[PDB]
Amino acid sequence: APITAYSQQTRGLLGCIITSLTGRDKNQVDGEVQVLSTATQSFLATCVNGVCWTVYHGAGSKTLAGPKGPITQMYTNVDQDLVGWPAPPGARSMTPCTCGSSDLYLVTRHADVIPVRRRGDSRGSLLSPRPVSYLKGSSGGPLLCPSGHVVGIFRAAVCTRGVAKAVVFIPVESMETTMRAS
């Protein structure tokens, strides 16, 4: 209580580089949130209803390394900064929050669960401001309801002088609209 998180690193540099090139990933996948890496950058993805969602500005058009080889994106929406792959087997898929709570939590790549007040469809305010440096690399990270259902995924931070007062996210609604579209 309220909601807790911890992280487990599965790969190092060399293995990431190699896995990058082969497109083949034979490690077991576990957990609701995946830590993702390209050569240039690192960020997060959240599995919601069988799809692993992340941000375009992290993933680009790239495939995701998988047990059978590279997985092609199932959903690519550039204007909303959203992409998705079918979740690898073993990821714990979360469920959308329909209950309409405005009391949210953002899960950072550091496995902190931080309080957010929903201010609108795609926006929420950090109840306690954090340094920009603290949120970097957490895009694709989930925003949660108290029940632990997913409200959407972390997209961008609203910041001044390296301090972030709020966050922009991609609602599970946008995810559904992208799926019904494609």
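Numbering starts at 1 and follows the sequence shown.
Enquirer: Decide which of the stretches 95-103 and 69-77 has the higher mean C-alpha B-factor, going by the entry.
Expert: Stretch with the greater average CA B-factor: 95-103.
Enquirer: So among 116, 45, 59, 39, who wins on Cα B-factor in the entry?
Expert: Comparing C-alpha B-factors across 116, 45, 59, 39, the top value belongs to 39.
Enquirer: Comparing residue 157 with the other modelled residues of its chain, is its CA B-factor in the lowest, middle or highest third?
Expert: Lowest third, going by the recorded CA B-factors of the chain.
Enquirer: When the deposited Cα B-factors of this chain's modelled residues are ordered and cut into thirds, is residue 128 in the lowest, the middle or the highest one?
Expert: For residue 128, whose C-alpha B-factor we compare with every modelled residue in the chain, the answer is the middle third.
Enquirer: Would you mind ranking residue 29 by its C-alpha B-factor against the rest of the chain and naming the third, lowest, middle or highest?
Expert: According to the entry, residue 29 has a C-alpha B-factor in the chain's highest third.
Enquirer: Within this chain's modelled residues, let me know which third the CA B factor of residue 22 belongs to: lowest, middle or highest.
Expert: Answer is middle: the recorded C-alpha B-factor places it there.
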